[PDB]
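Contents: one structure, followed by commentary.
Ligands are counted one by one from 1 in listed order, and the atoms in each one are counted from 1 as well. Both backbone and side-chain heavy atoms feed into the values below; hydrogens, waters and symmetry mates do not. In what follows, chains carry the letters A, B, and so on, assigned in the order in which the sequence lines appear, proteins first and then strands, with residues in each chain numbered from 1.
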Amino acid sequence: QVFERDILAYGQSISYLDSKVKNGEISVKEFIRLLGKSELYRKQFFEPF
Amino acid sequence: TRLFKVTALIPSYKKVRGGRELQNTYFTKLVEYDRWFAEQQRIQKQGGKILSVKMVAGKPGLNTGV
Amino acid sequence: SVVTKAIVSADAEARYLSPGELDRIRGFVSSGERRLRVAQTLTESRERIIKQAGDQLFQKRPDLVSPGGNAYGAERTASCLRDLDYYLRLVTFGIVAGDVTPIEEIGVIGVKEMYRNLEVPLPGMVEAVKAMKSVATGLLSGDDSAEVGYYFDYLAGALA
Amino acid sequence: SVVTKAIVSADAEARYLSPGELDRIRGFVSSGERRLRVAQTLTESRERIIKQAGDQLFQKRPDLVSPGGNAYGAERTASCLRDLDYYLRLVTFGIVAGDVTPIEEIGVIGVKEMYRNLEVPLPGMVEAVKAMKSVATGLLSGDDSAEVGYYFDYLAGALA
Amino acid sequence: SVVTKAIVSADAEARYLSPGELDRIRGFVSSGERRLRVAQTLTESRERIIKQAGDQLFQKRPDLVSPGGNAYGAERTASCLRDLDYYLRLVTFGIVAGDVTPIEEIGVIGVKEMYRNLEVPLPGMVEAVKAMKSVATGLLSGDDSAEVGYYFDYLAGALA
Amino acid sequence: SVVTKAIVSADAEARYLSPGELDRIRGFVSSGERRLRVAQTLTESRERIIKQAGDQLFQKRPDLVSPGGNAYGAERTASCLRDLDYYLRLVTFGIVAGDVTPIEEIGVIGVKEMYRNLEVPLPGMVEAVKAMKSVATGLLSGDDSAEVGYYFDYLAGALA
Amino acid sequence: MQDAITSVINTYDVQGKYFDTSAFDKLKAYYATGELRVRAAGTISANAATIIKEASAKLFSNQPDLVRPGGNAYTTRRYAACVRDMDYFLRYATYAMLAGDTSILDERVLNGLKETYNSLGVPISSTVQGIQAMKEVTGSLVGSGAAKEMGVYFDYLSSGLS
Amino acid sequence: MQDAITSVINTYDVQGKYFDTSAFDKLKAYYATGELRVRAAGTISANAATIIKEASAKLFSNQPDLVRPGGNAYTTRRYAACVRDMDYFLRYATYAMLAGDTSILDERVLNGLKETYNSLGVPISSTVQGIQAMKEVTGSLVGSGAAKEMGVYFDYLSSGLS
Amino acid sequence: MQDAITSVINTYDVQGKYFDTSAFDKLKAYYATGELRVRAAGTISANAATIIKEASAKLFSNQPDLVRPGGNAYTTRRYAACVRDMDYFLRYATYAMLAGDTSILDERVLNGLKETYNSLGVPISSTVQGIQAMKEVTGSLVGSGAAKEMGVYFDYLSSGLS
Amino acid sequence: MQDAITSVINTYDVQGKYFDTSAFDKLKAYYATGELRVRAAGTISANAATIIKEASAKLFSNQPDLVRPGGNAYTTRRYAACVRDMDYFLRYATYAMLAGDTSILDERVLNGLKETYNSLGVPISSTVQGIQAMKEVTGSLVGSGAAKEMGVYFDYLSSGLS
Amino acid sequence: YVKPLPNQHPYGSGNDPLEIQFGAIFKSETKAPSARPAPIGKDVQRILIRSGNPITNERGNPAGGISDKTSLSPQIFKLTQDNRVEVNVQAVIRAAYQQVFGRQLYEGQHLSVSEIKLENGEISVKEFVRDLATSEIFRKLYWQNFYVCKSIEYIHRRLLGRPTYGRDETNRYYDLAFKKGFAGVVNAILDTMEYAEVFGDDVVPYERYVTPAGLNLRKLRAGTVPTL
Ligand SMILES: CCC1=C(C)/C(=C/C2=NC(=C\c3[nH]c(/C=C4\NC(=O)[C@H](C)[C@H]4CC)c(C)c3CCC(=O)O)/C(CCC(=O)O)=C2C)NC1=O
Ligand SMILES: CCC1=C(C)/C(=C/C2=NC(=C\c3[nH]c(/C=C4\NC(=O)[C@H](C)[C@H]4CC)c(C)c3CCC(=O)O)/C(CCC(=O)O)=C2C)NC1=O
Ligand SMILES: CCC1=C(C)/C(=C/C2=NC(=C\c3[nH]c(/C=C4\NC(=O)[C@H](C)[C@H]4CC)c(C)c3CCC(=O)O)/C(CCC(=O)O)=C2C)NC1=O
Ligand SMILES: CCC1=C(C)/C(=C/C2=NC(=C\c3[nH]c(/C=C4\NC(=O)[C@H](C)[C@H]4CC)c(C)c3CCC(=O)O)/C(CCC(=O)O)=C2C)NC1=O
Ligand SMILES: CCC1=C(C)/C(=C/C2=NC(=C\c3[nH]c(/C=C4\NC(=O)[C@H](C)[C@H]4CC)c(C)c3CCC(=O)O)/C(CCC(=O)O)=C2C)NC1=O
Ligand SMILES: CCC1=C(C)/C(=C/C2=NC(=C\c3[nH]c(/C=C4\NC(=O)[C@H](C)[C@H]4CC)c(C)c3CCC(=O)O)/C(CCC(=O)O)=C2C)NC1=O
Ligand SMILES: CCC1=C(C)/C(=C/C2=NC(=C\c3[nH]c(/C=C4\NC(=O)[C@H](C)[C@H]4CC)c(C)c3CCC(=O)O)/C(CCC(=O)O)=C2C)NC1=O
Ligand SMILES: CCC1=C(C)/C(=C/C2=NC(=C\c3[nH]c(/C=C4\NC(=O)[C@H](C)[C@H]4CC)c(C)c3CCC(=O)O)/C(CCC(=O)O)=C2C)NC1=O
Ligand SMILES: CCC1=C(C)/C(=C/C2=NC(=C\c3[nH]c(/C=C4\NC(=O)[C@H](C)[C@H]4CC)c(C)c3CCC(=O)O)/C(CCC(=O)O)=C2C)NC1=O
């Protein structure tokens, strides 16, 4: 949803965010927010636009 | 029927201009058959007088080869 | 003809004919005997082709001969068959010429306003040339039938 | 190619292809097999053709490799042979295409500007192409030699 | 001449010659005698200019007089020198006239196709006319050599 | 200017500037010194010219300043003299530029529609321009008087 | 434009190589299909006006709103414009089929058509329906083998509009 | 267009002032360089073909891939287009040098040229290197005084593309 | 370009319906106001030059920087183009008033006008002020009812530009 | 984005070659200019508000129409949007100066901006004049060399909006 | 939604060529969408900026086409050479190539026989322009590789010297394409009364109007923007 496609095709992921969302430290909303504020999202959908 | 040779004289009626325009007013020229009807109409619109037209390149009365 | 179009195309660009133009002219004159015997076969079959084409025209389109139609009456039917003969002769001319130019300078250029002057339906014309296609291609050999049918295709498309 | 020129000619006039154009396409499609055999023959013998054509050209025009000439030196002679390789490849393209369209669009349009920029004499190009013609049609049979000679003819006339 | 160019311009935008153009024509006619001295000085030195320019050209381009070259042989070299004489005379004509229009009307309009028909390299022509510039400019004073160099450069650019 | 006109003419033909129009630019840059001196003379004595020409015009045309006249009043007479000042500045611009192009672009194109909108009589414009021409020509030397009168007559004819 | 033979020529030109076995195989494939292409082209040229007639009739029967008042095809002018567009589509699909490449469809037809229709107000869905109508009408005329070849180009036009 | 004389005329007409000492000094400065500019323009016109020859030779020596199969200048047509563009740049740089202003570059050459090249696929960096080659070749022929003037317009073109 | 009558004709054509009482009521209303429209149009046609002169004078008096050096109306050609634009606005407002519809304003006047002025550098606010100047000048000549009628079209031009 | 070092890395990666003398010269040129770039960036960051103030005052003094009723910058919101645009232009010119390349100006400022201003009705000529005013104000604060360098990127923005 | 129609081609903004000397550069719907469609009606008339005296536009001045040229107008090339040794004829030929194609052609591409006829007076400048515009080279350059309406717009700008006003002209020339082809379109453009009144048999076509975007390309470059 966030990156319009699964970026495991490139081996890109935010491992600590994934662990936090799976184990319940953060919710899916906080995971989505931290995922859209990350370096990956900034590189994909902030810089080129 | 390929090429007409046309002598025409088109006086001036909408302006008087100080450039050389004898070549535009009185002229003899070669026109194509398909262009000739439109050319004659345009000359007649401008009030020009058509003096003589001759057949030069093509031959009259050819069913094909035109 | 093919040579005429090739020469005009070469002259327009102020240059000698290209190897493609020469190749098409060579293929045209190489197949002269076949298209020539095809035209002979078409011309030796004047009346069979004309009469069967007229019959199929009138039985697929009954209203041309029906009262009020374009071909109602004997004289109008005669003129219809006369035009059929005209177009058959033009098809032979195009076949020997190797191109559809003779049909164009004779029968295609200005046909629409001609038949609009004569109040002749153009769907009737295309039906007639289709019937003549069928009748003529029936007589010819399989290889030659296609060659005839392509010129008939051009005529049918040109009418409507 | 033949198909491309026929289609662009039809499209320029807002019409379907005429029977002559379709017949020409049929002939080209039929001859494609011998076209490909000729192209394979020329492709396989590329190095012999280039070597013999270069030797024959420099024997006919010693000024090019004489001091002060455009081809003086091993490097510039190598570039000359490389241009011969380009033009042989273009000839094979023209054979498979059935027309001189690939030759024209790849190596004839603006070639005079290119060789004026490079101080390359066009007459030298002409004898080089004639030498390739001789060497290549030496390898090919008579029917193949005629068709390959047509393309080398076009290339030499374009350079001249 | 300067008068001719001013007149054709004035006729083109269709009015009498402007005061500045009258000043230009007076400056031209008042300097006619100096131009006549320049033309005579060049005429007196025909042979030295032509032969030194030809020698420089054949030093830079030995291939032109090499076997197979364009100017190989005594007669073809003589034709070379006679062409240089033609262009030197045209340069004197232009100096007298006050511009390059004689050089165009006699020596530049259609020169490329002509030397193509004669297989004469235009790079050889520009080298030769540059050599004529180098020789002729030294014969004259600075102010006059500048004017003559203008015509020689213009001819060299026209040939290229 | 002359440089701009020559560059535009050379660009419209997609060619470098010919030696004739390079000579034209050479003459223009030669005359630049005296044309700057003329323009500076006009600039320094602008108030004197404006006052003299305004008085001369108002005496020659009492109706403009009389009640019911276009220039009646302090503000409208000030506007009249301010227009005269614009045209004097334009003539200086034309002198430095070497042509009437600055005058045309800034104060000639559409002037008739402007003054028609402003109820400003054009014969008064023409007489004011002629008065300024007389005053200026009086103030500067005889040789430069013709050059200045060229621009003033251009402006007078344009306003006429 | 570009066709299959010119496509092979162009790729080998950009790569700067002489022809290999793969290129000759592609050329042989085109030569094999060429005679069928010529037959289909002649058939469509013969029956162009007919094919347009049944395809337009089928489209306006399936979507009667277009021809009725308030429909995009409701006027003599707008109806004639629709028929003209359909004639263009058929002719250029025939060109692409005979060429063996869809480049002519990209350049002459598809590069600009969506924006033109969106500015004009033409329904693109109905236009794709008209193209499909032409496809299924012409398939019965050209024959199954030629229908398979013509279907890819009609699908190309439909996908370009969609 | 707009040359230095017209530039001063415009900058003083927009303000509404007469020519003052500074304006007359600018005009004097322009008129002083007139002979140098005319001489340089004549020299470049005489040797334009040679300049394009050497500049293109150096550019394709540094970047041979441009004129090899797969390069943007690989064909006779595209090589001719390359040398035509270089000739255009040289001619317009000469015009700007004669005028003493860069306006003609912006309104006759650089207006939409960058996006034209981007749409075409033309390598802009290679074009800039070609312009630099033209500049360094021209400088030797015209002389240092004229070379300094030609340089500013060559770099104006380069910055317009870059 | 559609007037009130054409608008009713179109709204009845798109429905495919014949005319009924409501359409006759609308056309009768237009025919009732037609005499006022014709009188106002004739008055404006006879006094067009006076209106333009008065409104241009008022605008350049309220904004004197326009006709002073450095203003967009400073040259003879730019002043002429300014009064030419005022003539456009007056003439097309007369057309729209006579037709009874503002279609000609979206149709021949305001389409792409903002982009045109922005490219030319023409001031938009000053042009709106000039359009008002024409509105107050024209109202006095045409009377109260005709002024109320022409005001909608002048305000249409002003709002479209603003 | 892309900067000078990244640009050289990219142009040597596309061709697959290792760094050679020319690449090292370009890298050394950027490394030498870096200190001046950093000083300029700090100066602009410290004085960005003042630069925007002075450039906006210059623009709205020259063209009072933009802030009068009917102007594009007439409200508190539209005025604030205008000064926000100027702030963004200055900050991204600073970014491009510090990077040494104009990639960020393309991808992050100018890609889609001119169509946005055409839709919005923003006068792009006035915006370019404001950018030029920003260039003039910034040069005085940064000094001659940094003024030339930043003027490069200001002119890039101005020409890109064109 | 909240503003009037843009200054735009009736068939979209991607149907506007870049106003440069030569090249026929259009936007692509696929390389980067960047597409704006607008509800431009069939009767909408575009606003065009004169390349010359502003008050010579036909909308204000119907007789502005035949008006006297100012210094703001392009160069005008007229062939007064006797219309039965002269450099004016060669200049006219070069100007005709510069207008029809935007540039000089290559040496193999010149329409040599038409140049000979023009030099010897058998044909007028208009007929020479027709020969240039109906040539196979012109068709190869500007017709066969473009969207049909894109080609029509570009050819209209080359020949009449102005963009199309609206859907009347574009639709007429689209129908002419549909019926008669490229030659039909080109001959129709030269047969217009507008051509004859502006360009007789004597004068080479020149550029009379530009779009606001084309003016923006030239005037808004940092060198040509008016300094505050
Ligand atoms: C530059 C070379 C050139 C010449 C020589 C020239 C002569 C010339 N005179 C013309 C008409 C005319 N010429 C005259 C002049 C004559 N009427 C008599 O009363 C007088 C005795 C005498 C004059 C002194 C008149 C009155 C006309 C009007 C035609 C008419 O209505 O009959 C026309 C045709 C009208 C037009 O311009 O379109 C030409 C071409 N034109 C040129 O471009
Ligand atoms: C070689 C080229 C050529 C053609 C083709 C041609 C056609 C032609 N058909 C004519 C009459 C006619 N032709 C037809 C034929 C039509 N009736 C049916 O509808 C059919 C669909 C169709 C024929 C297949 C008819 C009915 C008339 C009589 C019309 C009348 O009474 O005026 C006439 C008038 C002369 C006469 O009435 O005798 C011409 C000139 N002329 C030419 O020079
Ligand atoms: C006034 C204008 C004018 C010119 C210029 C002119 C040149 C000219 N040179 C000719 C031959 C020639 N011209 C040359 C000269 C070339 N050889 C190269 O090495 C040099 C680069 C170059 C001279 C510098 C040569 C070698 C020939 C002999 C060609 C042949 O006979 O095959 C000929 C053919 C007639 C003959 O053989 O005598 C002409 C007409 N004619 C004119 O009416
Ligand atoms: C640089 C080119 C240029 C010109 C030429 C120009 C003329 C000009 N003169 C004006 C006023 C005026 N100009 C005049 C001059 C006339 N009075 C007499 O009739 C004389 C015949 C004649 C002068 C010799 C007058 C009387 C006015 C006042 C009009 C009024 O307020 O009603 C105005 C109205 C704006 C203003 O007053 O500031 C313009 C635009 N503007 C320009 O930008
Ligand atoms: C408002 C302007 C307008 C008109 C006029 C118009 C004509 C029109 N005529 C049609 C069919 C038709 N029209 C006719 C009328 C013919 N029958 C005889 O032959 C006569 C010669 C002639 C009438 C005197 C017929 C029979 C059809 C049916 C054809 C068919 O079903 O294939 C259709 C197709 C209807 C559909 O697909 O549902 C239209 C749209 N369309 C318009 O938007
Ligand atoms: C060869 C490449 C090419 C194409 C194809 C093309 C299409 C095209 N179709 C048009 C109109 C049209 N096209 C259609 C057809 C559509 N609407 C109907 O409902 C159907 C569902 C559907 C067709 C199957 C209609 C109805 C119009 C009229 C639009 C109008 O007048 O507002 C127009 C504009 C004519 C005008 O309104 O002035 C163009 C340019 N242009 C090109 O350059
Ligand atoms: C496929 C289309 C195409 C062609 C044909 C083409 C030719 C071509 N030949 C070149 C060099 C050259 N070409 C030649 C050939 C000449 N030597 C003798 O004079 C002969 C008469 C003649 C060859 C038969 C020579 C000597 C050079 C070297 C020039 C130099 O070193 O300055 C160059 C300069 C770039 C490089 O050397 O890599 C090109 C572009 N380029 C193309 O994209
Ligand atoms: C007068 C202002 C102006 C210019 C300069 C201009 C450039 C221009 N160059 C073009 C083609 C070209 N231009 C080049 C040159 C470039 N590619 C090479 O790699 C070099 C690095 C570089 C030159 C130094 C090439 C190779 C082409 C062919 C590309 C193609 O047409 O597909 C085209 C496409 C249209 C045509 O070829 O006729 C244009 C419009 N257009 C203008 O209106
Ligand atoms: C009916 C639809 C329509 C309109 C509205 C229109 C406006 C228009 N005004 C123009 C010039 C102009 N328009 C103005 C007017 C402005 N300057 C002053 O500040 C005033 C505030 C304001 C007018 C009240 C000026 C000064 C110019 C000259 C700009 C220039 O030449 O650079 C131009 C470009 C020159 C031309 O070719 O005519 C157009 C197209 N054109 C149209 O087809």
Side-chain angles (χ1 to χ4, degrees), chain D residues 53-54 57-58 61 64-65 69-73 75-87 89-90 106-108 111 114-115 117-129 131-132, chain F residues 14, chain G residues 13 16 53 56-57 59-61 64 66-69 71 73-79, chain H residues 53 55-57 59-61 63-64 66-69 71-86 88-89 91-92 108-113 116-117 119-131 133-134, chain I residues 13 16, chain K residues 18-25 101-103 141:
Chain D
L57 162 69
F58 298 140
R61 268 288 276 287
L64 305 173
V65 298
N70 189 46
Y72 181 81
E75 294 294 328
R76 299 172 76 99
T77 291
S79 295
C80 170
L81 295 185
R82 196 273 324 277
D83 284 19
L84 290 196
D85 209 19
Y86 285 168
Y87 275 125
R89 172 157 69 74
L90 258 56
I106 297 159
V108 173
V111 66
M114 182 179 72
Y115 284 157
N117 211 58
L118 298 164
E119 294 293 328
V120 172
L122 271 298
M125 296 315 303
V126 176
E127 307 81 26
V129 170
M132 293 183 286
Chain G
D13 206 18
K53 183 178 184 293
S56 62
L59 162 69
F60 296 141
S61 77
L66 304 169
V67 285
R68 277 203 227 92
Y74 171 72
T75 293
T76 59
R77 190 178 48 74
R78 300 216 290 265
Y79 187 98
Chain H
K53 260 190 55 73
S56 46
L59 163 66
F60 298 141
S61 296
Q63 307 192 18
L66 299 165
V67 289
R68 292 180 181 177
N72 189 241
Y74 171 70
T75 48
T76 53
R77 183 180 63 83
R78 295 211 300 277
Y79 184 106
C82 181
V83 302
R84 169 204 76 206
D85 282 2
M86 276 192 266
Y88 269 85
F89 294 147
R91 194 158 54 72
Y92 275 101
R108 286 293 275 163
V109 180
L110 288 172
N111 50 311
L113 184 62
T116 293
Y117 279 167
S119 167
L120 289 179
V122 165
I124 281 169
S125 62
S126 312
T127 315
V128 177
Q129 291 205 19
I131 291 175
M134 263 180 300
Chain I
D13 181 18
Chain K
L18 270 187
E19 293 180 354
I20 61 175
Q21 307 202 19
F22 58 98
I25 309 300
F101 299 96
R103 57 163 166 90
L141 277 174

Using every non-hydrogen atom in the two residues, find where [X] and [Y] come nearest and quote the distance to one decimal.
{"X": "G:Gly16", "Y": "H:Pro69", "answer": "CA-CB, 3.5 Å"}
{"X": "H:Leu59", "Y": "H:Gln129", "answer": "CD1-CB, 4.3 Å"}
{"X": "K:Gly102", "Y": "K:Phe22", "answer": "O-CD2, 3.4 Å"}
{"X": "D:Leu64", "Y": "D:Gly124", "answer": "CD1-CA, 4.4 Å"}
{"X": "H:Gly112", "Y": "K:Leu18", "answer": "O-CD1, 3.9 Å"}

Check side chain to side chain contact (heavy atoms under 4.5 Å, CB included) between H:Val128 and all other residues, then give those that pass, not counting sequence neighbours. H:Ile124, H:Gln132, H:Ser158, H:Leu161, H:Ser162

One residue to check: [X]. Relative to ligand 8, which of side chain, backbone, both or neither has a non-hydrogen atom less than 4.0 Å away?
{"X": "K:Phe22", "value": "both"}
{"X": "H:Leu120", "value": "side chain"}
{"X": "K:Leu141", "value": "neither"}

Per-atom contacts, ligand 8 versus H:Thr116 - under 4.0 Å to a heavy atom: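 Counting atoms of ligand 8 from 1, those under 4.0 Å from H:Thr116 are 40 (C).
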
Taking only heavy atoms of H:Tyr88, which atoms of ligand 8 are found under 4.0 Å from at least one of them?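 Close to H:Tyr88: 1 (C).
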
Within 45° of the six-membered ring axis of H:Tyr88 and under 6.0 Å from that ring's centre, is NZ or CZ of H:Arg91 located there?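 Yes, H:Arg91 lies over the aromatic ring of H:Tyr88.
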
Looking only at distances, please establish whether an N/O atom of ligand 8 is found under 3.5 Å from an N/O atom of [X].
{"X": "H:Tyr92", "result": "no"}
{"X": "H:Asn72", "result": "yes"}
{"X": "K:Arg103", "result": "yes"}
{"X": "H:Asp85", "result": "yes"}

In Å and rounded to the nearest 0.5 Å, what is the CZ to OG1 distance from H:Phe89 to H:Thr127? 6.5 Å

First locate atom CZ of H:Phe60, then atom CG of D:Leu118, and finally report the distance between them rounded to the nearest 0.5 Å.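 Between atom CZ of H:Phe60 and atom CG of D:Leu118 there are 9.0 Å.
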
First-shell residues of ligand 7 [heavy atom, distance under 4.0 Å]: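 Under the 4.0 Å cut-off, ligand 7 touches D:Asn70, D:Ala71, D:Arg76, D:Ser79, D:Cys80, D:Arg82, D:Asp83, D:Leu84, D:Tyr86, D:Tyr87, D:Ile106, D:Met114, D:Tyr115, D:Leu118, D:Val120, D:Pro121, D:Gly124, D:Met125, D:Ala128, H:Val67, H:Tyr74, H:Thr75, H:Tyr79.
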
Hey, does [X] sit under 4.0 Å from ligand 8 if you only count heavy atoms?
{"X": "H:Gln63", "result": "no"}
{"X": "H:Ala81", "result": "yes"}
{"X": "H:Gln129", "result": "no"}

Can I get a per-line list of side-chain donor-acceptor pairs under 3.5 Å for residues 77-84 of chain H, giving both atom names and the distance, sequence neighbours left out?
unit_1	atom_1	unit_2	atom_2	d
H:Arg78	NE	H:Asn72	O	2.6
H:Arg78	NH2	H:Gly71	O	3.1
H:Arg78	NH2	H:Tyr74	O	2.6
H:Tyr79	OH	D:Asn117	ND2	2.9
H:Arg84	NH1	K:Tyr106	OH	3.4

Might you confirm whether atom OH of D:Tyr86 has over 12 heavy atoms from other residues, nucleotides or ligands at distances under 6.0 Å? yes

Could you tell me which residues satisfy salt bridge (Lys or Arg N to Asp or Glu O under 4.0 Å) with H:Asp85, sequence neighbours excluded, listed by chain and number?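 Expected list: none.
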
